[PDB]
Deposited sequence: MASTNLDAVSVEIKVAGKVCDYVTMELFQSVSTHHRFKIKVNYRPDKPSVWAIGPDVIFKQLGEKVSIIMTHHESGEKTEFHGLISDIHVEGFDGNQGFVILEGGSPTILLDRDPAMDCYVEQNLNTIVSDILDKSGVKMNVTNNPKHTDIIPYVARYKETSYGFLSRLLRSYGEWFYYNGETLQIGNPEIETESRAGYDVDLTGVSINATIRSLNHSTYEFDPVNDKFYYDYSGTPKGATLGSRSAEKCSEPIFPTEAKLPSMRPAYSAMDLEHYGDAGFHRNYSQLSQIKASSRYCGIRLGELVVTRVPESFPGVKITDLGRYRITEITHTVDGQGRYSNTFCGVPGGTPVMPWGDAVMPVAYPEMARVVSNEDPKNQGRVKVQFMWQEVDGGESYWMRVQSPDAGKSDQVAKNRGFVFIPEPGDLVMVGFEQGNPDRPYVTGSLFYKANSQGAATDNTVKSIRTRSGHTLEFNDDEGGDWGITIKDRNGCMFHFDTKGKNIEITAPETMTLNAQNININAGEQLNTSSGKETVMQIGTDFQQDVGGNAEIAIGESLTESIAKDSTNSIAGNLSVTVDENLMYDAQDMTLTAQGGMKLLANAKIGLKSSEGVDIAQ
């Protein structure tokens, strides 16, 4: 009925049994039992080697229906060879994506779309495959991380998390929607909850995206009966976060509708079998019992031929018209804090984000996208619109601890910084030093050594210093250049002696009265001339004696001069006493 021909490296294979599993969400896998005729040399004569040199060789499986002429063709590679025994060989392998699932590695992609990511992943591998790279989501993804995943694992998780069809069609690896009797039919229906919603907070845009359950696209009659039965069972809305980061409202809408349609496809399905090789993967089949059971899209199919040559066929189907293919073979990774190095902080969005380089980018170079830096205090207020709290953005070259929001490697952030070897002198003796230092040398330091330099210090590199001496209970303010005090009122109160000392000159400018009240003696010593000028009357009152001793001449000038003594006057001179006047002298 069906003739199956297998060609290994272009040569027709003599097989006894063959199994071939194909799926739109999992590797195709073939297992072929090769016959070795007694006349030809046996497997032991050829050897384990020579036989093992067929690893990676192409395998072509062509299944032909003689009655209808329809052909199913599959091209794959060999990944396993078993030589056991009169002695035969087991050729195991499948779609070339099998050899894409063996290289777990760490990598990242910055500001790239799905097309470029898939092209780069497939270019870095040595497996040869025709590729139809047509993803629907054409937007640039800010950051994607490959976290200990194989090439196939990373690509599968990334593409299926975006709703993109990603499967081997038997000849080419297809990304994106392709836009394309029975013997053991079996229809099943299950109770599934369609009352679910997804959420995602975007801090770069400060938006809370919310998506509720969408509308069915591909639904059979059993699907509708199952949906009707399940509607009363789940009256509460199940809220879940997005497994994949969402950067826009439309992005979350697409994520949510992909999830809803996966659920609705699992609402009811078909499990059929036949002996017809024209039933292909990813195609539509209208199933009839001997009448219509619904149109179903084939998601997986197992073509097989036993020893007698009796071809058989068995397949799974989802309601035809489902926009998204089943989620299978894909597992989202879980990421844990990693040490990294800051490479930049010139954030274009001006949000305090930094760009770091992980430890797996140390040798060959590279950097991440912009990630938030966690702060002990951060926020805003009515008086402080922006940048409230602790704002210390890391400098390039800083060793940092990078945590991951939720478990997602695509959601990294800086949890903090580390003092390892190249930037730490450690704690002082018994700690005792707690300092905030910037890159210019601005120091805000507390010294707790009560037997040493106990106190507080605010200083700069140039020499400005402001010191609390707790042991001595002193305060010092030092400016190498000018120091200026400005206030409406200045109050310099000293409980003991007050000292003022200028190196050059003390200049005292008073715009109004000058009150000086001395409770004790006054001692003025002037090393040069004293010049005094009064714009009005000068009054002096002395309760004791007045003694003025002048070494050189004394001169007094006035308009009228009255010298009245309550006791006696004595004018003593050594040369002369002249009382010349222009009007005469009178004794009265």
Unmodelled spans of the deposited chain sequence come out as 1-7, 93-96, 192-201, 312-319, 618
